[PDB]
């Protein structure tokens, strides 16, 4: 099913590592070296596809990225660890007494949304409206592709335009009364306009909510499926940062990244024409035998672990430290609260560009 793409990746790495789809006119790249080159080579492969920095090339990207780095420094993450912990503990309290529960609905789905709202300075008396927007951001164009996509895109514009106005309001607020949130930090050289700041805030939801949820779900799944690891982590919570890196390698939430060739060039010995679209499967790269010893094994001690779950190069995930922090806290906290846990059932997300779970039911 959609939760089990790895055999197919393995077949492509072996049989068709650089492949052209004649219907969609797109290349797919599956080997670690090829994927990493495509993703990192800003000179040869463009990210230009209101999407903010993730779809900008230099020099525009350079200018904005350098300004927003200030919002994710180790100092800021340290500052927020307390609050992420409190949020995590509060979520857990709601299902602490149950013999069965859905890890997604009850825990991994709400957690990143609550965290980012507080990090974006969303006033607490406006939390539901914000959550509602975040839900709309990950709604499917369903169903399906029957030219009703025109509608979906309209409801997406609607949602985004409502987010824009909302962020506009918070931005003005933080100008008058700054606090310790990302918006305060970016409105305090290095001075973005609202036309750049607003699309950036929306990107944080788009780039960070569902991926972080899916990281947490996928990490717990990998942990449960691997004998002894749950108990080892419970006894030795200091192993968690490394376990998180292995979960990123093993079950990356964002399996595929797009680029456009800026010039005719070769990838893995295949000529990619200027203007051609390329899909770089970081999920496949992360399983590539040529780069990782025994890639099929989920080894929480794997070190070094040069996965590309967060990308590579100029667009390397801005939220990496926050995702790492959220996952460490979420996972350590979950495993501490529960002596034993077993997988009952999963329902996979059915979406090419996404790897994760719609539901993850576990029992004590």
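Positions refer to the first chain, counted from 1.
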With respect to the deposited sequence, how many residues separating residue 188 from residue 189 are not represented by coordinates: none, 1 to 3, 4 to 9, or 10 or more?
4 to 9
Between residue 49 and residue 50 - deposited residues without coordinates, as a size class
4 to 9
Per the PDB entry, mean CA B-factor is higher for 89 to 97 or 269 to 277, namely for 89 to 97
Quick note on 214 to 222 and 144 to 152: per-entry mean CA temperature factor is higher in 144 to 152
Of the residues 209, 108, 73, 180, the one whose Cα carries the largest B-factor in the deposited record is 180
Among 284, 184, 235, 117, highest Cα B-factor in the entry goes to 235
State the tercile, meaning the lowest, middle or highest third, of residue 137 with respect to the CA B-factors recorded for its chain.
highest
Where the record places residue 338 (Cα B-factor, split into thirds across the chain):
highest
State the tercile, meaning the lowest, middle or highest third, of residue 324 with respect to the CA B-factors recorded for its chain.
lowest
Residue 171: CA temperature factor from the record, placed by chain third, in the lowest
Just say lowest, middle or highest third for the CA B-factor of residue 15 relative to the other modelled residues in its chain.
highest
